[PDB]
Amino acid sequence: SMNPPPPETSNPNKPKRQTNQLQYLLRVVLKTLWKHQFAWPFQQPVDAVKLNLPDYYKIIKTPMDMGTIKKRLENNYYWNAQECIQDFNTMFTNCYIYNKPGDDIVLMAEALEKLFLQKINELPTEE
Ligand SMILES: Cc1noc(C)c1-c1cc(O)cc([C@@H](O)c2ccccc2)c1
């Protein structure tokens, strides 16, 4: 079956703003995760055709990935840091829902999420 369209990264009818927290999310949080040895499976949407996973989009109905997040941060899609944090959280949770505990992909997501939580605990106060 065909992949869905990816999550949107441009919509003029969506309100947005720059905040120092969103700027930290791009310059520190995304940047740090993206270069991790284990980032690559999370750097673009799941291509269920390529991966031969007929059920993926039956199971994962709110897909998200760091490719999408990167474009949203770079293209000023967000209103606040919470929208972006939620996208990370959805990406992580999706991986844990779809796969099994201790699978290599789950261990990889967990490595990224450990780093993510370290970086978010240092989120600047809004200014
Ligand atoms: C992310 C993610 N969540 O569920 C699936 C399925 C993936 C996923 C996305 C991908 O690009 C690739 C793979 C898979 O080839 C794999 C398996 C072990 C270690 C790394 C990679 C899984």
# chains A, B, ... in the order shown; residues from 1 in each chain; ligands from 1
>>> residues_near_ligand(ligand="ligand 1", cutoff="8 Å", atoms="only C-alpha atoms and all ligand atoms", output="NGL selection string")
:A and (38 or 40-48 or 51 or 53 or 56 or 65 or 91 or 94-96 or 98-99 or 103-106 or 108-109)
>>> residues_around(residues="residue 70 in chain A", least_positions_apart="3", cutoff="8 Å", atoms="only C-alpha atoms", output="PDB file with C-alpha atoms, in the first residue's frame")
ATOM      1  CA  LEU A  26      16.670  23.755  16.737  1.00  0.00           C
ATOM      2  CA  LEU A  30      17.678  18.765  17.180  1.00  0.00           C
ATOM      3  CA  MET A  66      13.046  14.239  13.060  1.00  0.00           C
ATOM      4  CA  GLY A  67      13.135  15.067   9.337  1.00  0.00           C
ATOM      5  CA  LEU A  73      11.775  24.239  13.205  1.00  0.00           C
ATOM      6  CA  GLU A  74      13.654  25.613  10.164  1.00  0.00           C
TER       7      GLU A  74
END
>>> closest_residue(among="A:126, A:114, A:69, A:101", to="residue 7 in chain A", atoms="only C-alpha atoms")
A:69
>>> closest_residue(among="A:32, A:93, A:80, A:37", to="residue 64 in chain A", atoms="only C-alpha atoms")
A:93
>>> atom_distance(atom1="CA of residue 86 in chain A", atom2="CA of residue 1 in chain A")
27.8 Å
>>> closest_residue(among="A:3, A:97, A:125, A:39", to="residue 112 in chain A", atoms="only C-alpha atoms")
A:39
>>> select_by_dssp(residues="range 8-68 of chain A", states="helix (DSSP H, G or I)", output="PDB file with C-alpha atoms, in the first residue's frame")
ATOM      1  CA  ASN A  20      14.052  31.458  22.467  1.00  0.00           C
ATOM      2  CA  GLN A  21      12.818  28.005  23.485  1.00  0.00           C
ATOM      3  CA  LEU A  22      12.120  27.003  19.805  1.00  0.00           C
ATOM      4  CA  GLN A  23      15.524  28.445  18.845  1.00  0.00           C
ATOM      5  CA  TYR A  24      17.182  26.166  21.542  1.00  0.00           C
ATOM      6  CA  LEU A  25      15.158  23.234  20.243  1.00  0.00           C
ATOM      7  CA  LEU A  26      16.670  23.755  16.737  1.00  0.00           C
ATOM      8  CA  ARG A  27      20.224  24.794  17.649  1.00  0.00           C
ATOM      9  CA  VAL A  28      20.855  22.450  20.591  1.00  0.00           C
ATOM     10  CA  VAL A  29      18.229  19.734  20.850  1.00  0.00           C
ATOM     11  CA  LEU A  30      17.678  18.765  17.180  1.00  0.00           C
ATOM     12  CA  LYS A  31      21.349  19.351  16.325  1.00  0.00           C
ATOM     13  CA  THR A  32      22.539  17.017  19.145  1.00  0.00           C
ATOM     14  CA  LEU A  33      20.106  14.200  18.266  1.00  0.00           C
ATOM     15  CA  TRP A  34      20.618  14.398  14.510  1.00  0.00           C
ATOM     16  CA  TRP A  40      19.417   7.660  10.873  1.00  0.00           C
ATOM     17  CA  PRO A  41      16.151   5.652  11.176  1.00  0.00           C
ATOM     18  CA  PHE A  42      14.490   8.728  12.696  1.00  0.00           C
ATOM     19  CA  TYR A  56       2.692   0.263   9.825  1.00  0.00           C
ATOM     20  CA  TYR A  57       0.160   2.960   9.059  1.00  0.00           C
ATOM     21  CA  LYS A  58      -2.649   0.775  10.378  1.00  0.00           C
ATOM     22  CA  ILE A  59      -0.909   0.744  13.739  1.00  0.00           C
ATOM     23  CA  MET A  66      13.046  14.239  13.060  1.00  0.00           C
ATOM     24  CA  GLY A  67      13.135  15.067   9.337  1.00  0.00           C
ATOM     25  CA  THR A  68       9.677  16.571   9.742  1.00  0.00           C
TER      26      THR A  68
END
>>> closest_residue(among="A:52, A:82, A:18, A:90", to="residue 2 in chain A", atoms="only C-alpha atoms")
A:52
>>> closest_residue(among="A:107, A:116, A:76, A:127", to="residue 12 in chain A", atoms="only C-alpha atoms")
A:76
>>> closest_residue(among="A:36, A:71, A:81, A:102", to="residue 120 in chain A", atoms="only C-alpha atoms")
A:81
